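Each remark here refers to the structure printed beneath this line.
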Amino acid sequence: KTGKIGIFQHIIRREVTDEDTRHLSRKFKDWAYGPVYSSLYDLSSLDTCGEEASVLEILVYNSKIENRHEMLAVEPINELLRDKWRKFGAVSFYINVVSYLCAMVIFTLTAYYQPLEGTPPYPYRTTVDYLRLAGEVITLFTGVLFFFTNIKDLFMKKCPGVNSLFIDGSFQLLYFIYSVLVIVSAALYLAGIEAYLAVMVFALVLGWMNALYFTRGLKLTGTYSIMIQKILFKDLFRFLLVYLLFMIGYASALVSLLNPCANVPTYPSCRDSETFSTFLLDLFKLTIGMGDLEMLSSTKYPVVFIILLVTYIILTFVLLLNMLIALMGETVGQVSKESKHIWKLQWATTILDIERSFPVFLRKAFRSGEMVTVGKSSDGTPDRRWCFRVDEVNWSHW
Amino acid sequence: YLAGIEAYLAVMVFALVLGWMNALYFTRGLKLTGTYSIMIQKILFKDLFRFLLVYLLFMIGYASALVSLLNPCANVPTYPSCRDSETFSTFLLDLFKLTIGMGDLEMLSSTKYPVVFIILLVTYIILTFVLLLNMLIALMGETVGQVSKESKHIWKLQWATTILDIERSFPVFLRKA
Amino acid sequence: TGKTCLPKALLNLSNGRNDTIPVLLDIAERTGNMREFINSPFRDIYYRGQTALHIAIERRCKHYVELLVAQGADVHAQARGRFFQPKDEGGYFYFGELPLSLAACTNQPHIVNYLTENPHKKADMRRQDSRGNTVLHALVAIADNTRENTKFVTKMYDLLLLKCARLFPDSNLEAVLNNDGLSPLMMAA
Ligand SMILES: CCCCCC/C=C/CCCCCCCC(=O)O[C@H](COC(=O)CCCCCCCCCCC/C=C/CCCCCCCC)COP(=O)(O)OCC[N+](C)(C)C
Ligand SMILES: CCCCCC/C=C/CCCCCCCC(=O)O[C@H](COC(=O)CCCCCCCCCCC/C=C/CCCCCCCC)COP(=O)(O)OCC[N+](C)(C)C
Ligand SMILES: CCCCCC/C=C/CCCCCCCC(=O)O[C@H](COC(=O)CCCCCCCCCCC/C=C\CCCCCCCC)COP(=O)(O)OCC[N+](C)(C)C
Ligand SMILES: CCCCCC/C=C\CCCCCCCC(=O)O[C@H](COC(=O)CCCCCCCCCCC/C=C/CCCCCCCC)COP(=O)(O)OCC[N+](C)(C)C
Ligand SMILES: CCCCCC/C=C\CCCCCCCC(=O)O[C@H](COC(=O)CCCCCCCCCCC/C=C/CCCCCCCC)COP(=O)(O)OCC[N+](C)(C)C
Ligand SMILES: CCCCCC/C=C\CCCCCCCC(=O)O[C@H](COC(=O)CCCCCCCCCCC/C=C\CCCCCCCC)COP(=O)(O)OCC[N+](C)(C)C
Ligand SMILES: CCCCCC/C=C\CCCCCCCC(=O)O[C@H](COC(=O)CCCCCCCCCCC/C=C\CCCCCCCC)COP(=O)(O)OCC[N+](C)(C)C
Ligand SMILES: CCCCCC/C=C\CCCCCCCC(=O)O[C@H](COC(=O)CCCCCCCCCCC/C=C\CCCCCCCC)COP(=O)(O)OCC[N+](C)(C)C
Ligand SMILES: CCCCCC/C=C\CCCCCCCC(=O)O[C@H](COC(=O)CCCCCCCCCCC/C=C\CCCCCCCC)COP(=O)(O)OCC[N+](C)(C)C
Ligand SMILES: CCCCCC/C=C\CCCCCCCC(=O)O[C@H](COC(=O)CCCCCCCCCCC/C=C\CCCCCCCC)COP(=O)(O)OCC[N+](C)(C)C
Ligand code: NA
Ligand code: NA
Ligand code: NA
């Protein structure tokens with residue numbers, strides 16, 4: 001829980017030899033034959049299916065995030081999670097994904113066949129509209145589910161600094177937002193209000209963007225999804241701060257050079273009541289390389305106007321947006337390894353979230369390791385310690 | 001073309017584009033072009049598929065979200081105001097052109113809620129063009145930096161395989177010459 | 001398994017020696033089974049062929065390896081058990097399948113010298129295991145590309161190869177194809 005590798009590493013691979021104090025060892029020497037050496041780690045605390053506190057629950061959930069990757073990269077812990085991934089972790093995760101991908105097909109088809117005329121578009125009485133009715137209900141089931149599972153985590157695993165962690169702290173919010181935002185739409189589709197739709201549309205785009213949670217079952221896609229969010233933090237906000245700051249600067253500067261419609265009712269010659277707003281979009285399209293200058297030219301001072309837009313392109317496209325590519329290259333180079341290590345925390349958290357969701361007898365069926373009589377203890381009573389074999393080779397210590 | 005069917009053409013067209021793209025095999029006789037052709041395929045694997053996975057995932061998300069905000073032609077027979085039976089599909093192309101920096105917004109504007117619509121396309125540009133496609137350039141730079149040496153070494157296997165495929169294709173007396 | 005007294009003595013050897021063995025062997029000729037006594041197929045499907053000599057060598061027990069051969073036991077027993085197969089057959093330690101192939105592959109030059117120029121019997125450096133693989137074929141099977149491994153592989157590879165030139169001044173032992181052709185160089189490649 002406190003992130004102390006030197007003692008933590010020492011305790012696990014503790015091999016004492018003298019006959020009295022051999023019950024204190026946690027790394028045995030099962031068998032050897034020339035240059036191949038088996039070894040047998042104790043999982044007494046590490047893996048306890050339900051009926052005890054365990055180191056592995058603590059590390060993956062309640063510990064220091066600064067070195068948690070070095071803690072999950074020691075002797076059984078790496079191969080103990082990989083073993084769970086084989087048995088149940090991989091499988092159950094890939095039921096969770098298709099269960100979710102399907103639920104977002106249903107939330108899609110119900111939106112493409114949601115009517116658009118009249119206060120609440122109830123009038124079902126039809127095989128199609130009853131099929132749509134299966135859709136909205138399955139949807140609301142997910143919303144109330146994701147709502148309770150997150151508030152279950154309120155009286156359970158929540159309240160670290162879960163707002164910007166790359167270790168599911170981000171998605172706990174967005175599934176909550178998805179959960180709230182389906183409930184509100186369900187409330188307004190029943191309370192008459194016609195903005196059930198607008199509130200739904202956000203929920204849909206938000207929901208597919210939650211399928212990036214399910215890129216955690218592959219280092220390939222999961223490391224990628226981590227770099228998206230870091231770049232979104234370390235690189236894109238500082239870019240929009242400046243970019244916005246320029247934009248109000250030039251836009252106000254450029255609106256000032258257009259004659260009012262107190263003159264002849266034109267936008268492309270005159271300016272009135274929407275001329276600021278559209279420039280923000282044109283000056284947005286313009287830096288994105290997506291809109292054309294197409295000089296307005298209906299201005300008191302036309303040549304100052306053109307000199308400014310060119311300084312907007314040079315600064316915002318040629319210099320800021322291509323610097324933005326450059327900064328990403330510095331980001332992805334810096335946070336690649338750091339993103340490999342987060343994923344290992346993501347992946348491990350995924351396994352135990354599945355495991356904890358099982359009843360205890362099922363966790364004991366998938367119990368990892370093998371029972372062993374490592375030695376003799378009180379009044380000759382053996383040591384019935386579950387353990388985890390790790391075969392090894394050194395062609396040096398004959 | 002012998003069984004009468006007129007899709008000899010469509011099947012041929014794929015074969016032609018596929019065939020010139022097989023001339024990259026013949027970049028193996030130069031480290032210059034052959035290392036290059038190796039980095040194309042790694043980037044196609046290690047960098048581009050993971051990009052299309054996400055990109056697609058966003059696109060169905062927003063597109064469905066944006067089709068939902070257009071009034072049917074059960075109203076007046078328009079596409080640029082109404083929506084019927086091809087409106088999903090074309091958005092996938094427009095929202096593809098849009099992230100590529102190749103299509104224009106040109107707000108449809110014939111929607112129950114027009115301002116939610118514009119707020120979404122802007123989030124599509126920011127996420128898909130400003131952030132994903134320019135991150136994609138960045139990732140390639142990490143790829144080509146990592147796999148340059150590894151691509152020099154593959155080419156040496158390519159080049160050697162080329163030599164022996166030729167040699168084996170000779171009769172023995174010529175190989176002894 | 002099929003284990004008898006003599007393995008159990010050697011497996012539970014301590015401090016380098018154990019004086020039970022010369023007596024159980026002294027008792028062996030009294031029963032008249034030395035041939036059959038230092039010879040046994042553990043018929044375990046993890047130990048199909050292991051003998052007391054295979055045990056005598058892997059324990060680095062020179063004193064008894066000189067013994068067990070002296071009473072004329074075997075130096076050619078094929079330790080074919082699944083344990084004694086390559087790691088891709090579902091095994092742990094391939095060394096060849098022979099005591100001479102073991103003493104080489106287990107970094108024991110003294111045994112390997114002895115087993116050849118020992119008086120009673122001697123394993124020729126030509127003998128093929130149940131794959132065709134001789135001792136040099138087997139040194140290529142255990143060599144990883146590490147410093148310590150590649151060191152003592154090349155020494156003994158030379159040693160036997162230079163040594164087998166003295167004897168049998170004929171076909172090089174490095175030319176002995178195995179049961180898929182591949183010589184020790186082809187087998188390393
Ligand atoms: C760090 C450097 C920052 C530089 C900022 C840009 C500065 C410009 C300073 C000069 C100010 C010019 C003022 C023009 C006033 C104006 O607009 O006057 C007009 C008409 O036009 C003229 O009379 C000027 C004619 C000459 C044109 C050639 C200019 C050559 C410019 C060369 C330099 C370009 C720099 C390019 C950008 C390089 C940026 C790279 C770093 C990146 C960071 C930004 C108003 O007409 P009016 O009669 O009232 O009514 C209209 C009637 N009518 C005339 C149309 C019939
Ligand atoms: C991580 C943050 C994610 C943010 C997501 C975007 C969020 C927005 C939240 C606010 C919701 C707004 C709801 C609008 C509802 C709507 O559409 O209402 C309408 C009309 O419009 C209004 O009444 C609103 C007028 C105000 C306009 C200024 C908005 C200022 C927005 C500023 C923030 C921009 C964010 C920009 C993107 C920055 C992204 C950077 C990170 C990158 C990741 C994405 C429906 O008209 P109706 O009367 O039913 O019929 C039509 C009749 N009529 C009105 C046309 C005559
Ligand atoms: C090297 C090994 C290779 C083997 C590979 C093949 C392995 C396949 C194993 C497949 C079964 C595991 C997946 C089942 C579905 C599952 O567990 O779905 C889970 C949850 O399910 C449940 O809640 C249902 C409870 C009942 C489940 C068991 C039924 C099957 C029993 C058969 C097991 C086979 C073995 C023993 C017999 C059983 C009888 C007693 C022993 C007798 C001695 C052998 C999905 O996760 P979710 O909670 O949605 O994710 C987190 C959600 N959150 C908390 C974040 C909101
Ligand atoms: C903690 C979250 C909880 C959310 C709080 C908001 C909940 C509820 C507010 C909704 C009600 C407000 C309107 C009530 C009045 C009304 O109905 O007003 C309407 C128009 O109002 C609107 O359109 C309101 C805008 C809705 C969106 C709000 C933001 C939603 C959430 C934003 C977040 C999600 C986004 C994410 C971006 C993705 C990128 C991220 C990437 C991040 C990557 C890491 C008037 O029009 P009218 O046609 O006349 O309506 C019919 C009325 N009549 C005639 C029948 C009586
Ligand atoms: C293992 C490969 C084997 C391929 C299996 C496919 C083979 C055969 C299927 C063809 C027959 C199907 C149609 C029969 C009916 C028909 O004729 O239907 C037509 C239209 O049908 C089509 O158009 C069928 C689509 C053809 C393309 C399929 C894919 C081809 C292969 C795809 C792969 C190659 C690409 C590579 C991409 C490059 C990038 C990579 C970079 C990688 C870099 C590393 C109906 O129209 P109508 O005018 O009425 O026709 C006349 C009929 N009438 C009136 C005369 C009776
Ligand atoms: C060896 C194979 C054995 C197969 C056994 C199959 C057994 C049962 C089938 C049903 C499984 C349902 C399991 C749900 C578990 C669960 O709770 O799922 C959730 C996901 O949300 C739901 O489920 C929504 C609820 C509504 C139901 C689903 C939609 C409607 C029904 C669909 C079922 C049929 C599917 C597909 C049919 C087509 C299949 C094509 C195959 C093709 C193979 C390539 C897991 O999210 P969570 O982890 O909790 O993450 C939350 C995020 N947070 C908080 C951790 C950050
Ligand atoms: C979003 C939810 C979550 C998704 C997660 C799962 C996503 C995808 C599944 C992919 C699994 C296989 C990839 C394993 C790669 C791997 O393991 O290693 C990769 C190597 O990759 C590759 O070589 C190429 C990869 C691309 C292959 C494409 C074929 C798979 C997709 C299926 C075909 C899709 C088309 C068409 C469909 C048909 C349409 C008809 C209807 C049409 C309409 C009618 C990197 O290795 P390395 O450099 O060592 O990095 C370390 C990573 N390491 C090994 C530790 C995990
Ligand atoms: C910390 C200080 C914050 C102070 C904020 C004060 C907010 C508002 C004050 C303005 C009040 C009046 C607005 C009423 C709304 C409205 O409707 O206004 C319209 C005007 O037309 C428009 O199109 C709206 C233009 C809006 C101007 C925005 C200026 C710039 C604002 C800058 C804010 C951002 C700060 C900083 C960015 C930081 C960046 C780096 C990060 C640093 C982090 C710390 C009224 O139309 P009307 O007159 O009826 O007809 C049009 C005119 N006609 C035809 C009669 C001549
Ligand atoms: C696709 C099939 C396979 C193709 C393979 C062969 C491709 C191309 C042949 C190029 C061979 C020469 C290049 C050797 C370069 C080299 O060896 O080293 C390069 C140095 O390059 C250069 O300095 C410049 C290179 C470009 C020169 C252009 C002139 C050649 C093309 C001919 C002219 C074409 C125009 C017009 C045509 C007329 C039109 C009229 C009709 C018009 C219509 C009527 C790198 O060196 P280093 O940095 O040490 O890297 C290590 C590489 N190293 C040395 C180990 C191999
Ligand atoms: C694993 C689960 C897979 C489930 C797939 C289920 C497939 C299909 C279900 C839909 C059946 C109905 C379709 C009939 C075809 C047709 O013709 O439909 C048209 C509808 O119009 C269209 O334009 C087609 C729109 C298609 C919607 C797609 C939704 C989204 C699909 C998402 C699939 C991809 C999943 C995941 C991506 C993963 C990404 C990350 C990697 C993860 C790897 C594991 C019928 O027209 P009609 O009604 O006559 O007239 C129009 C309507 N009007 C005018 C009457 C109102
Ligand atoms: Na462009
Ligand atoms: Na253009
Ligand atoms: Na254009």
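To be explicit about the labels: the chains of the structure tokens are called A, B, and onward in the order shown, and within each one the residues are counted from 1, while ligands get numbers from 1 in the order they are shown.
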
What's the 12 Å shell around stretch 24-38 of chain C, counting only C-alpha atoms, without same-chain residues fewer than 6 positions away, as a PDB file with N, CA, C and O atoms, in the first residue's frame?
```pdb
ATOM      1  N   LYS C   3      11.993 -47.608  -9.664  1.00  0.00           N
ATOM      2  CA  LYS C   3      13.206 -47.260  -8.955  1.00  0.00           C
ATOM      3  C   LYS C   3      13.596 -48.363  -7.978  1.00  0.00           C
ATOM      4  O   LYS C   3      12.757 -49.023  -7.364  1.00  0.00           O
ATOM      5  N   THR C   4      14.906 -48.520  -7.816  1.00  0.00           N
ATOM      6  CA  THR C   4      15.487 -49.503  -6.916  1.00  0.00           C
ATOM      7  C   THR C   4      16.322 -48.757  -5.884  1.00  0.00           C
ATOM      8  O   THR C   4      16.281 -47.527  -5.796  1.00  0.00           O
ATOM      9  N   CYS C   5      17.068 -49.515  -5.082  1.00  0.00           N
ATOM     10  CA  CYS C   5      17.871 -48.924  -4.018  1.00  0.00           C
ATOM     11  C   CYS C   5      18.917 -47.961  -4.568  1.00  0.00           C
ATOM     12  O   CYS C   5      19.128 -46.873  -4.022  1.00  0.00           O
ATOM     13  N   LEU C   6      19.589 -48.353  -5.644  1.00  0.00           N
ATOM     14  CA  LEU C   6      20.791 -47.651  -6.078  1.00  0.00           C
ATOM     15  C   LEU C   6      20.517 -46.223  -6.548  1.00  0.00           C
ATOM     16  O   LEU C   6      21.304 -45.325  -6.226  1.00  0.00           O
ATOM     17  N   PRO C   7      19.454 -45.957  -7.328  1.00  0.00           N
ATOM     18  CA  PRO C   7      19.109 -44.555  -7.599  1.00  0.00           C
ATOM     19  C   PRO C   7      18.861 -43.760  -6.326  1.00  0.00           C
ATOM     20  O   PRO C   7      19.449 -42.693  -6.133  1.00  0.00           O
ATOM     21  N   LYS C   8      18.006 -44.296  -5.449  1.00  0.00           N
ATOM     22  CA  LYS C   8      17.606 -43.606  -4.227  1.00  0.00           C
ATOM     23  C   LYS C   8      18.814 -43.222  -3.378  1.00  0.00           C
ATOM     24  O   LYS C   8      18.796 -42.216  -2.660  1.00  0.00           O
ATOM     25  N   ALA C   9      19.874 -44.020  -3.447  1.00  0.00           N
ATOM     26  CA  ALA C   9      21.127 -43.680  -2.792  1.00  0.00           C
ATOM     27  C   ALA C   9      21.722 -42.435  -3.424  1.00  0.00           C
ATOM     28  O   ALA C   9      22.164 -41.517  -2.726  1.00  0.00           O
ATOM     29  N   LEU C  10      21.736 -42.405  -4.756  1.00  0.00           N
ATOM     30  CA  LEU C  10      22.417 -41.349  -5.490  1.00  0.00           C
ATOM     31  C   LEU C  10      21.609 -40.053  -5.503  1.00  0.00           C
ATOM     32  O   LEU C  10      22.176 -38.958  -5.407  1.00  0.00           O
ATOM     33  N   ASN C  18      28.469 -41.141  -0.230  1.00  0.00           N
ATOM     34  CA  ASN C  18      27.536 -41.915   0.578  1.00  0.00           C
ATOM     35  C   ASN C  18      27.992 -43.368   0.524  1.00  0.00           C
ATOM     36  O   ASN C  18      28.040 -43.963  -0.557  1.00  0.00           O
ATOM     37  N   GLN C  50      16.268 -43.740 -17.709  1.00  0.00           N
ATOM     38  CA  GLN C  50      17.257 -43.246 -16.765  1.00  0.00           C
ATOM     39  C   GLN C  50      17.846 -44.381 -15.947  1.00  0.00           C
ATOM     40  O   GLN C  50      17.127 -45.269 -15.482  1.00  0.00           O
ATOM     41  N   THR C  51      19.160 -44.347 -15.787  1.00  0.00           N
ATOM     42  CA  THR C  51      19.907 -45.349 -15.046  1.00  0.00           C
ATOM     43  C   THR C  51      20.661 -44.668 -13.914  1.00  0.00           C
ATOM     44  O   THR C  51      20.583 -43.453 -13.723  1.00  0.00           O
ATOM     45  N   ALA C  52      21.414 -45.470 -13.166  1.00  0.00           N
ATOM     46  CA  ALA C  52      22.236 -44.921 -12.099  1.00  0.00           C
ATOM     47  C   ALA C  52      23.396 -44.107 -12.649  1.00  0.00           C
ATOM     48  O   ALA C  52      23.922 -43.232 -11.951  1.00  0.00           O
ATOM     49  N   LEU C  53      23.806 -44.366 -13.891  1.00  0.00           N
ATOM     50  CA  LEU C  53      24.916 -43.617 -14.464  1.00  0.00           C
ATOM     51  C   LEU C  53      24.459 -42.240 -14.924  1.00  0.00           C
ATOM     52  O   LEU C  53      25.193 -41.255 -14.791  1.00  0.00           O
ATOM     53  N   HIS C  54      23.252 -42.155 -15.484  1.00  0.00           N
ATOM     54  CA  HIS C  54      22.665 -40.857 -15.790  1.00  0.00           C
ATOM     55  C   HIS C  54      22.556 -40.006 -14.532  1.00  0.00           C
ATOM     56  O   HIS C  54      22.723 -38.782 -14.567  1.00  0.00           O
ATOM     57  N   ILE C  55      22.293 -40.657 -13.400  1.00  0.00           N
ATOM     58  CA  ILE C  55      22.193 -39.956 -12.125  1.00  0.00           C
ATOM     59  C   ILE C  55      23.583 -39.608 -11.610  1.00  0.00           C
ATOM     60  O   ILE C  55      23.805 -38.532 -11.046  1.00  0.00           O
ATOM     61  N   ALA C  56      24.538 -40.521 -11.787  1.00  0.00           N
ATOM     62  CA  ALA C  56      25.876 -40.336 -11.236  1.00  0.00           C
ATOM     63  C   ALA C  56      26.555 -39.103 -11.814  1.00  0.00           C
ATOM     64  O   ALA C  56      27.390 -38.469 -11.160  1.00  0.00           O
ATOM     65  N   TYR C  64      31.749 -41.977  -8.153  1.00  0.00           N
ATOM     66  CA  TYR C  64      30.901 -43.112  -8.488  1.00  0.00           C
ATOM     67  C   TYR C  64      30.778 -43.330  -9.989  1.00  0.00           C
ATOM     68  O   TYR C  64      30.525 -44.459 -10.415  1.00  0.00           O
ATOM     69  N   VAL C  65      30.941 -42.294 -10.804  1.00  0.00           N
ATOM     70  CA  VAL C  65      30.902 -42.487 -12.250  1.00  0.00           C
ATOM     71  C   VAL C  65      32.076 -43.373 -12.635  1.00  0.00           C
ATOM     72  O   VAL C  65      31.957 -44.237 -13.510  1.00  0.00           O
ATOM     73  N   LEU C  67      33.168 -45.538 -10.536  1.00  0.00           N
ATOM     74  CA  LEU C  67      32.701 -46.816 -10.008  1.00  0.00           C
ATOM     75  C   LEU C  67      31.768 -47.513 -10.991  1.00  0.00           C
ATOM     76  O   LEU C  67      32.106 -48.573 -11.531  1.00  0.00           O
ATOM     77  N   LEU C  68      30.603 -46.907 -11.263  1.00  0.00           N
ATOM     78  CA  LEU C  68      29.492 -47.617 -11.905  1.00  0.00           C
ATOM     79  C   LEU C  68      29.889 -48.230 -13.239  1.00  0.00           C
ATOM     80  O   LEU C  68      29.388 -49.296 -13.615  1.00  0.00           O
ATOM     81  N   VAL C  69      30.783 -47.571 -13.969  1.00  0.00           N
ATOM     82  CA  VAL C  69      31.243 -48.123 -15.236  1.00  0.00           C
ATOM     83  C   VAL C  69      32.214 -49.271 -14.992  1.00  0.00           C
ATOM     84  O   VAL C  69      32.314 -50.201 -15.801  1.00  0.00           O
ATOM     85  N   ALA C  70      32.940 -49.231 -13.872  1.00  0.00           N
ATOM     86  CA  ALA C  70      33.972 -50.219 -13.585  1.00  0.00           C
ATOM     87  C   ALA C  70      33.386 -51.617 -13.432  1.00  0.00           C
ATOM     88  O   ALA C  70      34.008 -52.601 -13.848  1.00  0.00           O
ATOM     89  N   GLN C  71      32.192 -51.721 -12.847  1.00  0.00           N
ATOM     90  CA  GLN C  71      31.504 -53.003 -12.756  1.00  0.00           C
ATOM     91  C   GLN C  71      30.726 -53.323 -14.035  1.00  0.00           C
ATOM     92  O   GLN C  71      29.869 -54.214 -14.034  1.00  0.00           O
ATOM     93  N   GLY C  72      31.003 -52.605 -15.125  1.00  0.00           N
ATOM     94  CA  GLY C  72      30.485 -52.966 -16.428  1.00  0.00           C
ATOM     95  C   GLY C  72      28.988 -52.798 -16.547  1.00  0.00           C
ATOM     96  O   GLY C  72      28.268 -53.776 -16.763  1.00  0.00           O
ATOM     97  N   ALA C  73      28.510 -51.560 -16.428  1.00  0.00           N
ATOM     98  CA  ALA C  73      27.074 -51.334 -16.361  1.00  0.00           C
ATOM     99  C   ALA C  73      26.447 -51.008 -17.707  1.00  0.00           C
ATOM    100  O   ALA C  73      25.724 -51.831 -18.276  1.00  0.00           O
ATOM    101  N   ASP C  74      26.742 -49.813 -18.225  1.00  0.00           N
ATOM    102  CA  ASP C  74      26.295 -49.340 -19.530  1.00  0.00           C
ATOM    103  C   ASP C  74      26.856 -47.937 -19.696  1.00  0.00           C
ATOM    104  O   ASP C  74      27.106 -47.261 -18.695  1.00  0.00           O
ATOM    105  N   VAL C  75      27.089 -47.494 -20.925  1.00  0.00           N
ATOM    106  CA  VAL C  75      27.349 -46.082 -21.188  1.00  0.00           C
ATOM    107  C   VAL C  75      26.583 -45.638 -22.427  1.00  0.00           C
ATOM    108  O   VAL C  75      26.993 -44.692 -23.110  1.00  0.00           O
ATOM    109  N   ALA C  77      22.783 -46.127 -22.497  1.00  0.00           N
ATOM    110  CA  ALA C  77      21.362 -46.205 -22.207  1.00  0.00           C
ATOM    111  C   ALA C  77      20.640 -44.951 -22.680  1.00  0.00           C
ATOM    112  O   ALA C  77      21.020 -43.829 -22.339  1.00  0.00           O
TER     113      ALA C  77
END
```

What residues of the protein or nucleic acid chains come within 9 Å of ligand 10 when you use only C-alpha atoms and all ligand atoms? Reply as a VMD selection string. (chain A and resid 94 97 to 106 108 to 109 112 to 115 208 211 to 212 214 to 215) or (chain B and resid 52 to 58 60 to 61 64 72 to 74 83 to 90)

Using only C-alpha atoms and a distance of at most 8 Å, pull out the residues of chain A that contact chain C, as a PyMOL selection string. chain A and resi 33-36+395-396

Close residues to ligand 1 using only C-alpha atoms and all ligand atoms, limit 9 Å, as number ranges by chain: A: 297, 299-308, 310-315, 319

Mind dumping a table of every chain A residue within 10 Å of ligand 2, with the nearest atom pair and its distance in Å to one decimal, using only C-alpha atoms and all ligand atoms, sorted by chain and rising number, as JSON lines?
```
{"residue": "A:194", "atom": "CA", "partner": "ligand 2", "partner_atom_place_in_ligand_line": "49 (O)", "distance": 8.6}
{"residue": "A:195", "atom": "CA", "partner": "ligand 2", "partner_atom_place_in_ligand_line": "49 (O)", "distance": 7.7}
{"residue": "A:198", "atom": "CA", "partner": "ligand 2", "partner_atom_place_in_ligand_line": "15 (C)", "distance": 7.2}
{"residue": "A:199", "atom": "CA", "partner": "ligand 2", "partner_atom_place_in_ligand_line": "13 (C)", "distance": 8.8}
{"residue": "A:202", "atom": "CA", "partner": "ligand 2", "partner_atom_place_in_ligand_line": "5 (C)", "distance": 8.3}
{"residue": "A:206", "atom": "CA", "partner": "ligand 2", "partner_atom_place_in_ligand_line": "5 (C)", "distance": 9.7}
{"residue": "A:232", "atom": "CA", "partner": "ligand 2", "partner_atom_place_in_ligand_line": "42 (C)", "distance": 7.7}
{"residue": "A:233", "atom": "CA", "partner": "ligand 2", "partner_atom_place_in_ligand_line": "41 (C)", "distance": 9.6}
{"residue": "A:236", "atom": "CA", "partner": "ligand 2", "partner_atom_place_in_ligand_line": "41 (C)", "distance": 8.2}
{"residue": "A:237", "atom": "CA", "partner": "ligand 2", "partner_atom_place_in_ligand_line": "41 (C)", "distance": 7.7}
{"residue": "A:240", "atom": "CA", "partner": "ligand 2", "partner_atom_place_in_ligand_line": "40 (C)", "distance": 8.0}
{"residue": "A:277", "atom": "CA", "partner": "ligand 2", "partner_atom_place_in_ligand_line": "28 (C)", "distance": 8.5}
```

Identify all chain B residues at most 7 Å from chain A by counting only C-alpha atoms; ligands do not count. Present them as a ChimeraX atom specification. /B:50,57-58,61-62,64-65,67-68,71,101,104,116,134-135,138-139,141-142

If you run DSSP over the backbone, which residues in stretch 107-331 of chain A end up helix (DSSP H, G or I)? Put them as a ChimeraX atom specification. /A:107-112,127-152,169-188,196-208,211-217,219-234,237-255,275-287,302-331

Using only C-alpha atoms and all ligand atoms, which residues of chain B come within 6 Å of ligand 5, and what is the closest atom pair for each, with the distance in Å to one decimal? Give it as a tab-separated table, sorted by chain and residue number.
```
residue	atom	partner	partner_atom_place_in_ligand_line	distance
B:5	CA	ligand 5	55 (C)	4.2
B:6	CA	ligand 5	51 (C)	4.2
B:7	CA	ligand 5	17 (O)	4.5
B:10	CA	ligand 5	23 (O)	5.6
B:11	CA	ligand 5	26 (C)	5.0
B:14	CA	ligand 5	35 (C)	5.0
B:18	CA	ligand 5	38 (C)	5.4
```

All residues having an atom within 9 Å of ligand 8 (only C-alpha atoms and all ligand atoms) as a PyMOL selection string: chain A and resi 240-246+248-249+252+260-262+271-278

Hey, can you check how far atom CA of residue A:354 sits from atom 47 (P, counted along the ligand's line) of ligand 3? 5.5 Å

Do you know which residues are within 7 Å of ligand 6 using only C-alpha atoms and all ligand atoms? Can you write them as a list in words?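 Checked against 7 Å with only C-alpha atoms and all ligand atoms; the hits are residues 91, 95, 96, 97, 98, 99, 100, 102, 103, 138, 141, 142, 146, 149, 150, 168, 171, 172, 175 and 213 of chain A.
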
Preceding selection exported with C-alpha atoms as a compact mmCIF listing (two decimals), in the first residue's frame:
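Result file is again_30.txt:
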```txt
# COMPACT_ATOMS: atom_id res chain seq x y z
CA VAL A 91 -12.91 -14.81 -21.96
CA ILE A 95 -18.11 -11.16 -23.49
CA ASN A 96 -18.17 -7.73 -21.88
CA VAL A 97 -17.05 -6.08 -25.11
CA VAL A 98 -19.59 -7.64 -27.50
CA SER A 99 -22.29 -7.24 -24.87
CA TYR A 100 -21.37 -3.56 -24.91
CA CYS A 102 -24.35 -4.77 -29.15
CA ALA A 103 -25.97 -2.51 -26.56
CA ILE A 138 -32.59 -2.37 -22.94
CA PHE A 141 -31.41 -0.93 -18.28
CA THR A 142 -27.79 -0.11 -19.10
CA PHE A 146 -23.96 1.97 -14.98
CA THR A 149 -22.38 0.21 -10.36
CA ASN A 150 -20.69 3.61 -10.07
CA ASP A 168 -10.16 3.86 -15.50
CA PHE A 171 -14.18 6.30 -17.77
CA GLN A 172 -15.88 5.99 -14.36
CA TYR A 175 -20.10 5.94 -17.90
CA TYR A 213 -12.31 1.15 -22.37
```
